[PDB]
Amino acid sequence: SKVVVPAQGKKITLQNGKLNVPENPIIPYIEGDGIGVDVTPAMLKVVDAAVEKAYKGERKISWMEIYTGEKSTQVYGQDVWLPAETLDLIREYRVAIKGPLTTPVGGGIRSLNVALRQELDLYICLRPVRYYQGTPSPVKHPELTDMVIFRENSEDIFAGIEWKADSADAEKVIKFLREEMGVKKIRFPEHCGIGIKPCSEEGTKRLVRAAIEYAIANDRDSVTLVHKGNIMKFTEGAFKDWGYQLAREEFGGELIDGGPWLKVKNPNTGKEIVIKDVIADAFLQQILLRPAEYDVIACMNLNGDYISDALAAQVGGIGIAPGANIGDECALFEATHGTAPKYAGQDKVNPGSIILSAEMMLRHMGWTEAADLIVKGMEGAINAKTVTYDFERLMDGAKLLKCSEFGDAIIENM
């Protein structure tokens, strides 16, 4: 039923991992709710301008609006938050980009952000954090952070397997645990909520295969597995040991003096790449105290939420962190931040997050030149101290811009 597909426009296809991208591709976008209505028109305007500039008119994206969240009940009936159509269309057109979504409390509907991250088996959440020169940071040295986070998106506590305290189904499970498994370490059995965290060999090896093939393709110095595997041994600890098994078995890892750390040679370059582990709690400290030691980070779903959002804040970026969820059959690039409805409609928020998830969308397609021009413009707009609420509420001798006008500032700087 009612979504409008373009006339001038052809669709992206696959041919084993490598995808065939037309001169005139159809790219789906979901507006987002709240500030989605402000930031998405600006993201469309600078991507279009960056491809006019780089390819001098040969290439053009035909943009196709698809629906999720609030904006979808308005179009299809107040109870459908996620239309099956949207799922069949990202799988078919292969790359899409979304603005913020937040899910309603009241219907026992789970994070829409996360129902898509998994109904489409988009198992890699990739969030790069670098310092853009000139951003207000709270830390003294934010320039040392050039990290790339690879977060497992189909597992962990984040999958949604849990039952309400005192419910039918939850008591059955505690009877099963005390009686048939011989478990005495639940301090209080009565009026207790239980949740399940799973971690599989297959599930973690495809995230670490993905993170190490990225270290190779991009001349990167280290791959740090972070985990709290000293207390959660068979989930998170199984993840560091399966992650090191895979760098031995598929990549020819060798030891560094007496372990535990391994060496991988970069086939294309000859630099030695390091495969190390740091307990997740000690890692939260090591990112503030010693950030140049780490580059690519691989980890399970919950820790990656945490490290991204902690690193993003440290470099000045809550409002500008990019994000992609990449799978085997398709990818979805998104704004990382909330919906923020207090400020929606009145054009003020920073659109950098969704614009930089678009630089990412563009180099995924292999339109590196348009991607590199969007990061030239963002680097300039910011250096020109010509900026938006969030960066001016914190900076001296800067000029204040609306969301519209900041997009224009990025174009002006290409």
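All residue numbers are counted from 1 along the displayed sequence.
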### Query
Which is higher on average in the deposited entry, the C-alpha temperature factors of 111-119 or of 186-194?
186-194
### Task
Name the higher of the two by mean Cα B-factor in the PDB entry, 88-96 versus 160-168.
160-168
### Query
Per the PDB entry, which option out of 177, 149, 321, 300 has the greatest Cα B factor?
177
### Query
Which has the highest CA B-factor per the PDB entry: 63, 389, 367, 55?
389
### Query
Against its chain's modelled residues, does residue 104's Cα B factor rank lowest, middle or highest third?
middle
#### Entry: residue 40 - Cα temperature factor, lowest/middle/highest third of chain
middle
### Task
Pull the Cα B-factor of residue 342 out of the PDB entry and bin it into the chain's lowest, middle or highest third.
highest
### Task
Sorting the chain's modelled residues by C-alpha B-factor, tell me whether residue 414 ends up in the lowest, middle or highest third.
middle
### Task
Using the B-factor values recorded in the entry, state whether the Cα atom of residue 309 falls in the lowest, middle or highest third among the modelled residues of its chain.
lowest
